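Undergrad: Take this structure first; my questions come after.
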Amino acid sequence: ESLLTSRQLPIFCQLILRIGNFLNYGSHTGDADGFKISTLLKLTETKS
Amino acid sequence: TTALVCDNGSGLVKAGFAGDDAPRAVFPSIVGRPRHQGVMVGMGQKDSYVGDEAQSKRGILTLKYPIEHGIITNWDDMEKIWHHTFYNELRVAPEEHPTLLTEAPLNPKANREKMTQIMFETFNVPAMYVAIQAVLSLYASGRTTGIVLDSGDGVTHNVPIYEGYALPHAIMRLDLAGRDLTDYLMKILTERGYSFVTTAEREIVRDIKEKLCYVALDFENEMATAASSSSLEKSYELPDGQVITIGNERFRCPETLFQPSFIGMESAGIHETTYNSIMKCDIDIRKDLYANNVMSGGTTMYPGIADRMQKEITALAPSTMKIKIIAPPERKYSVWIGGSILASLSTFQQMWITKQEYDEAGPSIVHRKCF
Amino acid sequence: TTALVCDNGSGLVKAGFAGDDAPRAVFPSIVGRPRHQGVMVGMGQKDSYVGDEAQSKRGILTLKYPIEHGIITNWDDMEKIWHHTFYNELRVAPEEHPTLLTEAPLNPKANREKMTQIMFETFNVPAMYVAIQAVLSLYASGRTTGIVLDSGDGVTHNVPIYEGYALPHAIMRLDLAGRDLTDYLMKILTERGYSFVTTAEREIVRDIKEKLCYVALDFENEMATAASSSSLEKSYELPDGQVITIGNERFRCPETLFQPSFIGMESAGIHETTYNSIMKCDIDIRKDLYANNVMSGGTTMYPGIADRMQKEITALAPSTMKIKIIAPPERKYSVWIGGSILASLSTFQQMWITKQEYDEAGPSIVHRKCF
Amino acid sequence: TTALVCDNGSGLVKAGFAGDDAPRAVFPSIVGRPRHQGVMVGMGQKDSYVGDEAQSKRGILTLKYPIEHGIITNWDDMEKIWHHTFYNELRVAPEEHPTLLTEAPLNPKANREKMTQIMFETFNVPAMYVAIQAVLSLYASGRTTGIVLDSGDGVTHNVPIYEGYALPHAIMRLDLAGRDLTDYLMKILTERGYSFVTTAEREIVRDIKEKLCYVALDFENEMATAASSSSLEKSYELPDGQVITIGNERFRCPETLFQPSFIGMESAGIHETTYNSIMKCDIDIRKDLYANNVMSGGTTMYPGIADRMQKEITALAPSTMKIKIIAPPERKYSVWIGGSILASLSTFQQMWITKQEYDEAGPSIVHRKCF
Amino acid sequence: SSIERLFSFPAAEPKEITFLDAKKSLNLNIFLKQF
Ligand SMILES: Nc1ncnc2c1ncn2[C@@H]1O[C@H](COP(=O)(O)OP(=O)(O)O)[C@@H](O)[C@H]1O
Ligand SMILES: Nc1ncnc2c1ncn2[C@@H]1O[C@H](COP(=O)(O)OP(=O)(O)O)[C@@H](O)[C@H]1O
Ligand SMILES: Nc1ncnc2c1ncn2[C@@H]1O[C@H](COP(=O)(O)OP(=O)(O)O)[C@@H](O)[C@H]1O
Ligand SMILES: [Mg+2]
Ligand SMILES: [Mg+2]
Ligand SMILES: [Mg+2]
């Protein structure tokens, strides 16, 4: 029910979708309307 | 342009330049962290010792293996291993040299995703390649076909390849190799009263295993000989100056390779794994695999393993056809030698993985490109 | 803003600046009070003489040592010791100078709290650091690894350090040094008829111990030679002009360091403490610690002690490995010299205990900022 | 006849007759040799005090423990211990009474050989048996299966047992028990200034540990509470009448069981040893083992250890599954009590080692007849 | 702008006229290279 009523997680995945769609521009994974659950564990892979 | 061959094995990373015979940089894959307190201010007390420095100063270092059971578990440690093997050992820029790498069979795909992303985002290369270790070992044996039992530090896997076609269903994997033999050797040395509990002591017991252990040709006769006469006892000098003497532990430790019930595993020995790999092949091509039993990995360095292996397969297989064991003396580095063979080929220019392929197809073109 | 190093040892306070070679002010730590009746009015009668003034006029003074076995007992006397070494010996304001104090390991923590409270509230500083003396001895030796046996006047302690890392479980402390040797030298000097009971006579027996005693290479043969022939006997002139002659007491006095059962203590000698400290260390680093035995402290000024330490450890160690006793000629002040090296280190500026940090953390940061 | 149970433990020997619930002769395993000079004539005073006699007169005795980490060091002292418990405490002839012995897992086998040789030659018995202590601890609980964490005075070992069969490969050993906690408590009482250096003082520190120490449920909160207010401070009266007060050392001392890095051991705590012992077993037999933690040993008397054990295991375990810590109140004597249970059965009579079996098979049937 | 500042890349006879396919030529080259 907490996952059903989580409001901040749509806002978070919208921000991650905007950042990823900026990041993978010019690749086949760009212009994505969504992603899987396992994107969150792969967030720390792209390092500065 | 000279390529680089770098087998990132579970035990020791073996790297060097392509087109050569021997790897220039052989060093164990450990990350050593100090567990005590520093009091001496200055002189470059670096917080994480990698490789040979971690081996030399190991008496104050908790040692961690980034590759456990052929799987890269810790990733930052593996990045430190790659940084040391490129910048400190070879001292070459990655952006001007191709880098061949190796991998275990039946690996997870996301492992290949992560290795591709590290080899194209952090350590940028012009090109790179991931190959199966058994395939490169068969290439360094000079034969296109054959069955390879590769036994490293964590994985003993059987792979039969017929005419370059590596059969996927017949590949199997047994999680019993050199580190398990070292842990069992720690366990059985306590019967003689020698205690080895720390990770620093694992290198000493591993050196004992490398220097003194050997595969028995018959186990029960070696029990009878060891219990009867103390002729096979051998002495070893520890780094603190103490001298131990070991008896049957020279051949009870590799016998776990043939009897996994010592450490409590229900699966049988590597011979039954080889034989059950052989029945998974077609009946036409089984004859070629019997005469082409190739070994690789340093767990096959014990100087009684070939005749015992031929005895075990000849007991298992029907005796109507020929059994032959391919055991070259340089089969420790045959993964690296096969990589050096494969890197300097004129055809191999068109199977390179470019940065343009990486940018077009993510870190995922390695699945559709390689086997 | 230069730095002060003030080794507040049990016997001899050694203080000086940072970067200097030899310690500027070396004077014994005694507070002397008059015990007879002053009859001659005027003359500026001090209620307490501190230092060399108490040493010179010692025939009419009860002398008290404020530090006993590295633990400061009388805090007013130690306040007067600090007042003398700042305002009369070095003639420096401590409000414009940092201070490095030395401390024996395994000390009471309330002692460290009280030197923190006095040194930041009575003689308030910009900064102060309390450091272990053995690390300073290894600083002055210049080598990074090594085991350090430091034997002052009250504390004989072993601290082993490998490649910049101390091992706190292998640190051991023994309350047996030169004050107990002075008391035992009195107790064996009563055999020849010479009586010494007062606090002034401790200085005379201490001077006898400094000037005439020596460590025997073999105790039993030296006993047989001194019992047989009167060649080892030596004469010393007292301050009243009388001449004493001592024989075996030249080498029965320091042998308490190798045989502590003379004064009834149960523990074994300093060589056994060194060997047990090395066996308490990890097995890889004992090769470095055998080759780098660093002695320090004024108790090791006896001119036979290095050969005896080498002989005892080479008896105890395995014979496949070299023992080397590092004994510099200036090892009395090596605690001070390594303190002056440490205070001149540019890296050491970041771990000063500031007055700001003392105010924000109470007298409790000295457990966490120091070792 | 009536059998004997003699748990020859590392710190205390618990002997008594079979069929009984209370051990008749519980006495510490020490040998007290005099060190000072006797001046009485009249003889009477022995050269070696054994047991409670050494405890009573401990102020003039060097105390030697014959057993160190479950290994009998001095066999003459342990022979004196056996002679005292056979002839003075229990007062039985050894050659007319069966006698059950206990032994720790993963011992050197020559220790078992020498115990067999002494019990069949010096104190020759009609029969004997050597058995694993954790098995007898489980037999005291009235259950057939479960895991026993036996934490004695030298060895803390985890043994899982399924259907009366102790699984050999999953048994683990940790050389950290009550003597090391006593040494660490002796180390940390110097912070408050209470010095303890003699072997007699180790019994006083052990009595402090027995009467006042306890396992914290949450270690960091107990740090915060003891550092905040003096509520957990408790006072103890010494044999000379001095009163000490200890605070956090009541629960810094048993926390070495859950954090072995306090005394420099690299290995993990007893909860991790329990968990990794259970993951070394098969999955299907795990259902008995989490629900049947049967703690034993004298170190497990601290009155917060069951809840801390349940908390740490339930943190470690998968959450779908019951954790039950069966901590009986008499689990100190559960080795002896279970020995009386096993020795008072008609089914055990065929399992004895007769003298005839010793004569045909040497002192080596104990590796074969006894598991 | 910050993402392009931080996470951007810091990098700003061919024909052999073989009638055979790549597989048999590769097997032949690996077979030839052992000599
Ligand atoms: N001379 C030797 N004798 C016995 N065993 C060896 C010898 N040399 C190496 N080994 C063992 O084999 C392993 C060799 O590593 P290798 O197979 O080259 O890569 P990895 O095992 O890391 O995949 C080491 O872990 C070592 O324990
Ligand atoms: N030449 C000497 N020979 C023998 N012993 C000496 C000599 N000089 C000093 N000592 C002893 O060493 C002690 C000095 O050591 P030190 O570390 O300076 O003590 P502290 O610093 O505690 O005053 C003195 O107490 C003295 O007993
Ligand atoms: N009431 C107690 N509280 C805390 N510790 C105890 C208590 N009783 C015994 N011990 C500890 O247990 C040790 C004895 O354990 P024991 O069960 O005899 O082990 P073992 O049989 O292996 O010697 C003693 O040394 C003591 O330190
Ligand atoms: Mg390998
Ligand atoms: Mg001194
Ligand atoms: Mg016990």
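Quick note on naming: the chains in the structure tokens go A, B, ... in the order shown, residues restart at 1 in each chain, and ligands are numbered from 1 in order of appearance.
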Determine which residues of segment 184-287 of chain C DSSP labels as helix (DSSP H, G or I) from the backbone of this structure, then write them out as a VMD selection string.

TA: chain C and resid 184 to 189 200 to 211 219 to 228 249 to 252 254 to 257 260 to 262 270 to 280 286 to 287

Undergrad: Using only C-alpha atoms, which protein or nucleic acid residues come within 9 Å of residue 80 of chain B? Drop anything in the same chain fewer than 4 positions from it, and give the result as a ChimeraX atom specification.

TA: /B:31,50,75-76,84-85

Undergrad: Any chance you can output those residues with N, CA and C atoms as a PDB file, in the first residue's frame?

TA:
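part_16.pdb, written as the output of this step:
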ATOM      1  N   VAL B  31      43.305  -7.091  -2.976  1.00  0.00           N
ATOM      2  CA  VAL B  31      43.309  -5.725  -2.480  1.00  0.00           C
ATOM      3  C   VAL B  31      43.516  -5.790  -0.978  1.00  0.00           C
ATOM      4  N   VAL B  50      47.542  -2.937  -3.578  1.00  0.00           N
ATOM      5  CA  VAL B  50      47.022  -3.723  -4.690  1.00  0.00           C
ATOM      6  C   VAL B  50      48.156  -4.533  -5.297  1.00  0.00           C
ATOM      7  N   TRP B  75      33.487  -4.571  -7.256  1.00  0.00           N
ATOM      8  CA  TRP B  75      33.770  -3.909  -8.518  1.00  0.00           C
ATOM      9  C   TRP B  75      34.799  -2.801  -8.400  1.00  0.00           C
ATOM     10  N   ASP B  76      34.812  -2.081  -7.276  1.00  0.00           N
ATOM     11  CA  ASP B  76      35.809  -1.037  -7.061  1.00  0.00           C
ATOM     12  C   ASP B  76      37.199  -1.633  -6.885  1.00  0.00           C
ATOM     13  N   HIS B  84      45.955  -0.809 -11.628  1.00  0.00           N
ATOM     14  CA  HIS B  84      47.326  -1.217 -11.346  1.00  0.00           C
ATOM     15  C   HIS B  84      47.940  -1.982 -12.511  1.00  0.00           C
ATOM     16  N   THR B  85      47.155  -2.837 -13.175  1.00  0.00           N
ATOM     17  CA  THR B  85      47.729  -3.630 -14.257  1.00  0.00           C
ATOM     18  C   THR B  85      47.913  -2.814 -15.531  1.00  0.00           C
TER      19      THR B  85
END

Undergrad: If we count only C-alpha atoms and set the cut-off at 10 Å, which residues sit around segment 36-49 of chain C, ignoring sequence neighbours fewer than 6 positions away in its own chain? Please answer as a PyMOL selection string.

TA: chain C and resi 30+55-58+60-63+77+80+84

Undergrad: Kindly export the residues of the current selection with N, CA, C and O atoms, as a PDB file, in the first residue's frame.

TA:
ATOM      1  N   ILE C  30      63.055  16.184  40.403  1.00  0.00           N
ATOM      2  CA  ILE C  30      62.948  16.065  41.852  1.00  0.00           C
ATOM      3  C   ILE C  30      62.408  17.369  42.412  1.00  0.00           C
ATOM      4  O   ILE C  30      62.722  18.455  41.914  1.00  0.00           O
ATOM      5  N   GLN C  55      69.362  19.273  43.424  1.00  0.00           N
ATOM      6  CA  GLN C  55      70.465  18.327  43.300  1.00  0.00           C
ATOM      7  C   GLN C  55      71.699  18.790  44.063  1.00  0.00           C
ATOM      8  O   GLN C  55      72.390  17.975  44.686  1.00  0.00           O
ATOM      9  N   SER C  56      72.011  20.085  43.994  1.00  0.00           N
ATOM     10  CA  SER C  56      73.218  20.604  44.629  1.00  0.00           C
ATOM     11  C   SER C  56      73.081  20.642  46.145  1.00  0.00           C
ATOM     12  O   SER C  56      73.986  20.217  46.871  1.00  0.00           O
ATOM     13  N   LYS C  57      71.948  21.134  46.642  1.00  0.00           N
ATOM     14  CA  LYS C  57      71.719  21.289  48.073  1.00  0.00           C
ATOM     15  C   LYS C  57      71.037  20.086  48.693  1.00  0.00           C
ATOM     16  O   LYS C  57      70.318  20.244  49.685  1.00  0.00           O
ATOM     17  N   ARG C  58      71.267  18.883  48.157  1.00  0.00           N
ATOM     18  CA  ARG C  58      70.466  17.714  48.500  1.00  0.00           C
ATOM     19  C   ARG C  58      70.732  17.171  49.899  1.00  0.00           C
ATOM     20  O   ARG C  58      69.961  16.332  50.371  1.00  0.00           O
ATOM     21  N   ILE C  60      70.327  18.577  52.746  1.00  0.00           N
ATOM     22  CA  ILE C  60      69.398  19.086  53.748  1.00  0.00           C
ATOM     23  C   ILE C  60      67.975  19.065  53.213  1.00  0.00           C
ATOM     24  O   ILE C  60      67.111  19.800  53.700  1.00  0.00           O
ATOM     25  N   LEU C  61      67.713  18.230  52.212  1.00  0.00           N
ATOM     26  CA  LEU C  61      66.411  18.203  51.565  1.00  0.00           C
ATOM     27  C   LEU C  61      65.845  16.797  51.531  1.00  0.00           C
ATOM     28  O   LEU C  61      66.573  15.832  51.287  1.00  0.00           O
ATOM     29  N   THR C  62      64.548  16.695  51.787  1.00  0.00           N
ATOM     30  CA  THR C  62      63.767  15.527  51.415  1.00  0.00           C
ATOM     31  C   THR C  62      63.404  15.669  49.945  1.00  0.00           C
ATOM     32  O   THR C  62      62.685  16.600  49.567  1.00  0.00           O
ATOM     33  N   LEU C  63      63.928  14.778  49.113  1.00  0.00           N
ATOM     34  CA  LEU C  63      63.623  14.786  47.692  1.00  0.00           C
ATOM     35  C   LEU C  63      62.435  13.886  47.409  1.00  0.00           C
ATOM     36  O   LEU C  63      62.300  12.810  47.995  1.00  0.00           O
ATOM     37  N   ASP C  77      53.664  19.023  42.615  1.00  0.00           N
ATOM     38  CA  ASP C  77      55.085  18.868  42.324  1.00  0.00           C
ATOM     39  C   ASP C  77      55.346  18.827  40.827  1.00  0.00           C
ATOM     40  O   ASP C  77      56.329  19.401  40.348  1.00  0.00           O
ATOM     41  N   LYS C  80      55.091  22.264  39.521  1.00  0.00           N
ATOM     42  CA  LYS C  80      56.336  22.978  39.779  1.00  0.00           C
ATOM     43  C   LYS C  80      57.460  22.531  38.852  1.00  0.00           C
ATOM     44  O   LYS C  80      58.316  23.347  38.495  1.00  0.00           O
ATOM     45  N   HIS C  84      59.253  25.060  36.348  1.00  0.00           N
ATOM     46  CA  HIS C  84      60.700  25.199  36.297  1.00  0.00           C
ATOM     47  C   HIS C  84      61.239  24.995  34.888  1.00  0.00           C
ATOM     48  O   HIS C  84      62.133  25.727  34.448  1.00  0.00           O
TER      49      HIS C  84
END

Undergrad: Within 6 Å of ligand 2, which residues show up when you count only C-alpha atoms and all ligand atoms? List them as a list in words, please.

TA: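 Sorted by chain and then by number, the residues are residues 9, 10, 11, 12, 13, 152, 153, 178, 206, 209, 210, 211, 297, 298, 299, 301 and 302 of chain C.
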
Undergrad: Would you mind listing the residues within 12 Å of ligand 6, counting only C-alpha atoms and all ligand atoms, as an mmCIF file with N, CA and C atoms, in the first residue's frame?

TA:
data_model
loop_
_atom_site.group_PDB
_atom_site.id
_atom_site.type_symbol
_atom_site.label_atom_id
_atom_site.label_comp_id
_atom_site.auth_asym_id
_atom_site.auth_seq_id
_atom_site.Cartn_x
_atom_site.Cartn_y
_atom_site.Cartn_z
ATOM 1 N N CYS D 6 34.392 -36.982 33.631
ATOM 2 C CA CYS D 6 35.438 -36.030 33.985
ATOM 3 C C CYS D 6 35.609 -35.096 32.796
ATOM 4 N N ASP D 7 34.846 -34.009 32.779
ATOM 5 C CA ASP D 7 35.050 -32.977 31.774
ATOM 6 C C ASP D 7 36.326 -32.250 32.161
ATOM 7 N N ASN D 8 37.395 -32.550 31.431
ATOM 8 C CA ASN D 8 38.707 -31.938 31.625
ATOM 9 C C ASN D 8 38.805 -30.625 30.844
ATOM 10 N N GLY D 9 38.050 -29.649 31.334
ATOM 11 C CA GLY D 9 37.935 -28.381 30.654
ATOM 12 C C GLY D 9 39.186 -27.534 30.753
ATOM 13 N N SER D 10 39.228 -26.500 29.911
ATOM 14 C CA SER D 10 40.418 -25.668 29.794
ATOM 15 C C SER D 10 40.639 -24.773 31.003
ATOM 16 N N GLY D 11 39.594 -24.459 31.757
ATOM 17 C CA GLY D 11 39.775 -23.638 32.935
ATOM 18 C C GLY D 11 39.360 -24.339 34.207
ATOM 19 N N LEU D 12 38.323 -25.166 34.123
ATOM 20 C CA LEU D 12 37.814 -25.877 35.282
ATOM 21 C C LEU D 12 37.563 -27.326 34.908
ATOM 22 N N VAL D 13 37.945 -28.229 35.799
ATOM 23 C CA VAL D 13 37.705 -29.654 35.642
ATOM 24 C C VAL D 13 36.471 -30.010 36.456
ATOM 25 N N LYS D 14 35.488 -30.621 35.794
ATOM 26 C CA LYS D 14 34.220 -30.999 36.411
ATOM 27 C C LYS D 14 34.120 -32.518 36.397
ATOM 28 N N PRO D 28 39.229 -25.729 39.666
ATOM 29 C CA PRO D 28 39.985 -25.185 38.534
ATOM 30 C C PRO D 28 41.252 -25.969 38.244
ATOM 31 N N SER D 29 41.615 -25.992 36.964
ATOM 32 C CA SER D 29 42.763 -26.760 36.495
ATOM 33 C C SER D 29 43.982 -25.853 36.505
ATOM 34 N N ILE D 67 46.240 -26.615 30.222
ATOM 35 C CA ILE D 67 45.488 -26.630 28.974
ATOM 36 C C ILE D 67 45.444 -25.222 28.406
ATOM 37 N N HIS D 69 44.088 -23.359 24.899
ATOM 38 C CA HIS D 69 43.261 -23.417 23.699
ATOM 39 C C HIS D 69 42.851 -24.835 23.348
ATOM 40 N N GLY D 70 42.450 -25.564 24.384
ATOM 41 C CA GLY D 70 41.992 -26.934 24.229
ATOM 42 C C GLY D 70 43.089 -27.936 23.923
ATOM 43 N N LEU D 101 35.479 -39.229 28.936
ATOM 44 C CA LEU D 101 36.248 -38.022 28.692
ATOM 45 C C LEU D 101 35.586 -37.185 27.609
ATOM 46 N N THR D 102 35.940 -35.903 27.594
ATOM 47 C CA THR D 102 35.439 -34.951 26.617
ATOM 48 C C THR D 102 36.613 -34.328 25.881
ATOM 49 N N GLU D 103 36.389 -33.964 24.619
ATOM 50 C CA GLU D 103 37.426 -33.320 23.824
ATOM 51 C C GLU D 103 36.792 -32.349 22.837
ATOM 52 N N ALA D 104 37.481 -31.234 22.614
ATOM 53 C CA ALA D 104 37.067 -30.190 21.694
ATOM 54 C C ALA D 104 37.241 -30.642 20.245
ATOM 55 N N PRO D 105 36.443 -30.105 19.320
ATOM 56 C CA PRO D 105 36.613 -30.458 17.908
ATOM 57 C C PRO D 105 37.853 -29.827 17.309
ATOM 58 N N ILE D 132 32.844 -35.682 21.751
ATOM 59 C CA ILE D 132 32.799 -34.259 21.443
ATOM 60 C C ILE D 132 31.886 -33.562 22.437
ATOM 61 N N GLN D 133 32.337 -32.412 22.959
ATOM 62 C CA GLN D 133 31.667 -31.748 24.079
ATOM 63 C C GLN D 133 30.324 -31.144 23.679
ATOM 64 N N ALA D 134 30.219 -30.655 22.440
ATOM 65 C CA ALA D 134 28.977 -30.057 21.957
ATOM 66 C C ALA D 134 27.870 -31.093 21.801
ATOM 67 N N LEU D 136 27.540 -33.682 23.793
ATOM 68 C CA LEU D 136 27.054 -33.987 25.130
ATOM 69 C C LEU D 136 26.235 -32.828 25.676
ATOM 70 N N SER D 137 26.567 -31.608 25.239
ATOM 71 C CA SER D 137 25.760 -30.438 25.566
ATOM 72 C C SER D 137 24.378 -30.519 24.935
ATOM 73 N N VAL D 148 25.144 -26.401 18.710
ATOM 74 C CA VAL D 148 25.702 -26.033 19.995
ATOM 75 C C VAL D 148 26.875 -25.101 19.759
ATOM 76 N N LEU D 149 26.786 -23.916 20.347
ATOM 77 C CA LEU D 149 27.890 -22.976 20.472
ATOM 78 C C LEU D 149 28.488 -23.243 21.842
ATOM 79 N N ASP D 150 29.594 -23.972 21.884
ATOM 80 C CA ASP D 150 30.254 -24.226 23.153
ATOM 81 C C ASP D 150 31.432 -23.276 23.278
ATOM 82 N N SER D 151 31.367 -22.394 24.265
ATOM 83 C CA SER D 151 32.387 -21.385 24.497
ATOM 84 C C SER D 151 32.984 -21.692 25.860
ATOM 85 N N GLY D 152 34.096 -22.409 25.856
ATOM 86 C CA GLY D 152 34.723 -22.800 27.094
ATOM 87 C C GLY D 152 35.689 -21.773 27.634
ATOM 88 N N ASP D 153 36.877 -22.235 28.009
ATOM 89 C CA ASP D 153 37.918 -21.361 28.519
ATOM 90 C C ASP D 153 39.066 -21.169 27.538
ATOM 91 N N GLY D 154 39.204 -22.039 26.542
ATOM 92 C CA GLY D 154 40.177 -21.795 25.496
ATOM 93 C C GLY D 154 39.636 -21.771 24.078
ATOM 94 N N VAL D 155 38.567 -22.518 23.813
ATOM 95 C CA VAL D 155 38.037 -22.705 22.465
ATOM 96 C C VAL D 155 36.559 -22.353 22.475
ATOM 97 N N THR D 156 36.149 -21.501 21.541
ATOM 98 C CA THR D 156 34.742 -21.294 21.230
ATOM 99 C C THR D 156 34.471 -21.975 19.898
ATOM 100 N N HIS D 157 33.674 -23.036 19.911
ATOM 101 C CA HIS D 157 33.436 -23.794 18.694
ATOM 102 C C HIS D 157 31.948 -23.984 18.447
ATOM 103 N N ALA D 177 38.145 -17.253 24.052
ATOM 104 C CA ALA D 177 37.239 -17.675 25.098
ATOM 105 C C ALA D 177 37.614 -16.933 26.370
ATOM 106 N N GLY D 178 37.282 -17.540 27.519
ATOM 107 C CA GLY D 178 37.269 -16.832 28.792
ATOM 108 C C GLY D 178 38.625 -16.361 29.287
ATOM 109 N N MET D 295 23.064 -23.129 23.719
ATOM 110 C CA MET D 295 24.333 -22.557 24.129
ATOM 111 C C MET D 295 24.888 -23.338 25.309
ATOM 112 N N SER D 296 26.210 -23.404 25.392
ATOM 113 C CA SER D 296 26.848 -24.120 26.483
ATOM 114 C C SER D 296 28.219 -23.524 26.736
ATOM 115 N N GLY D 297 28.851 -23.997 27.792
ATOM 116 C CA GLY D 297 30.132 -23.439 28.163
ATOM 117 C C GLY D 297 30.009 -22.416 29.269
ATOM 118 N N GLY D 298 31.090 -22.284 30.036
ATOM 119 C CA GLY D 298 31.113 -21.356 31.148
ATOM 120 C C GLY D 298 31.144 -19.900 30.739
ATOM 121 N N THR D 299 31.586 -19.601 29.517
ATOM 122 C CA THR D 299 31.609 -18.222 29.051
ATOM 123 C C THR D 299 30.195 -17.717 28.778
ATOM 124 N N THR D 300 29.247 -18.616 28.539
ATOM 125 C CA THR D 300 27.877 -18.247 28.224
ATOM 126 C C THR D 300 27.011 -17.981 29.460
ATOM 127 N N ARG D 331 23.709 -24.764 32.003
ATOM 128 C CA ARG D 331 24.473 -25.068 30.796
ATOM 129 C C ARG D 331 25.982 -24.999 30.999
ATOM 130 N N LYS D 332 26.450 -24.518 32.156
ATOM 131 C CA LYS D 332 27.843 -24.704 32.542
ATOM 132 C C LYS D 332 28.181 -26.179 32.702
ATOM 133 N N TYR D 333 27.318 -26.929 33.376
ATOM 134 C CA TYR D 333 27.567 -28.335 33.644
ATOM 135 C C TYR D 333 26.913 -29.248 32.628
ATOM 136 N N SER D 334 26.396 -28.692 31.520
ATOM 137 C CA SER D 334 25.651 -29.468 30.527
ATOM 138 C C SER D 334 26.527 -30.491 29.821
ATOM 139 N N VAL D 335 27.828 -30.222 29.736
ATOM 140 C CA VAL D 335 28.777 -31.230 29.289
ATOM 141 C C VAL D 335 28.815 -32.394 30.271
ATOM 142 N N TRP D 336 28.922 -32.086 31.570
ATOM 143 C CA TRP D 336 28.939 -33.130 32.595
ATOM 144 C C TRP D 336 27.581 -33.809 32.738
#

Undergrad: If I take atom CA of residue 246 of chain D and atom CA of residue 205 of chain D, how far is one from the other in Å, to one decimal?

TA: 11.6 Å

Undergrad: Define the interface residues of chain E facing chain A as those within 9 Å, counting only C-alpha atoms, and report them as an MDAnalysis selection string.

TA: chainID E and resid 3:4 6:8

Undergrad: Env of segment 273-289 of chain D: 6 Å cut, atoms = only C-alpha atoms, seq-sep filter 2 positions within chain, self excluded. Answer as a PyMOL selection string.

TA: chain D and resi 146-147+170+270-271+291-292

Undergrad: Can I get the selected residues back with N, CA, C and O atoms, as a PDB file, in the first residue's frame?

TA:
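out-v3.pdb was written with the following content:
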ATOM      1  N   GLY D 146      20.187 -30.074  16.634  1.00  0.00           N
ATOM      2  CA  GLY D 146      20.385 -28.695  17.028  1.00  0.00           C
ATOM      3  C   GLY D 146      21.833 -28.303  16.838  1.00  0.00           C
ATOM      4  O   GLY D 146      22.683 -29.116  16.498  1.00  0.00           O
ATOM      5  N   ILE D 147      22.102 -27.030  17.068  1.00  0.00           N
ATOM      6  CA  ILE D 147      23.457 -26.510  16.979  1.00  0.00           C
ATOM      7  C   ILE D 147      23.900 -26.083  18.370  1.00  0.00           C
ATOM      8  O   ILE D 147      23.100 -25.569  19.162  1.00  0.00           O
ATOM      9  N   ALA D 170      31.157 -28.741   8.659  1.00  0.00           N
ATOM     10  CA  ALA D 170      30.562 -27.465   9.019  1.00  0.00           C
ATOM     11  C   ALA D 170      30.942 -26.992  10.415  1.00  0.00           C
ATOM     12  O   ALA D 170      30.564 -25.878  10.792  1.00  0.00           O
ATOM     13  N   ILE D 270      31.041 -14.581  17.097  1.00  0.00           N
ATOM     14  CA  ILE D 270      30.452 -15.903  17.293  1.00  0.00           C
ATOM     15  C   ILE D 270      29.110 -16.037  16.583  1.00  0.00           C
ATOM     16  O   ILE D 270      28.715 -17.145  16.202  1.00  0.00           O
ATOM     17  N   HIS D 271      28.398 -14.925  16.386  1.00  0.00           N
ATOM     18  CA  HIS D 271      27.151 -14.957  15.636  1.00  0.00           C
ATOM     19  C   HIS D 271      27.399 -15.213  14.157  1.00  0.00           C
ATOM     20  O   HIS D 271      26.654 -15.966  13.517  1.00  0.00           O
ATOM     21  N   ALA D 291      16.038 -23.136  15.068  1.00  0.00           N
ATOM     22  CA  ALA D 291      15.105 -23.266  16.172  1.00  0.00           C
ATOM     23  C   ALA D 291      15.689 -24.000  17.369  1.00  0.00           C
ATOM     24  O   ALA D 291      14.972 -24.207  18.352  1.00  0.00           O
ATOM     25  N   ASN D 292      16.949 -24.422  17.317  1.00  0.00           N
ATOM     26  CA  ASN D 292      17.529 -25.214  18.396  1.00  0.00           C
ATOM     27  C   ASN D 292      18.962 -24.788  18.692  1.00  0.00           C
ATOM     28  O   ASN D 292      19.879 -25.609  18.740  1.00  0.00           O
TER      29      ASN D 292
END

Undergrad: Pick from C:3, C:135, C:316, C:167: nearest to chain D, with only C-alpha atoms counted?

TA: C:167
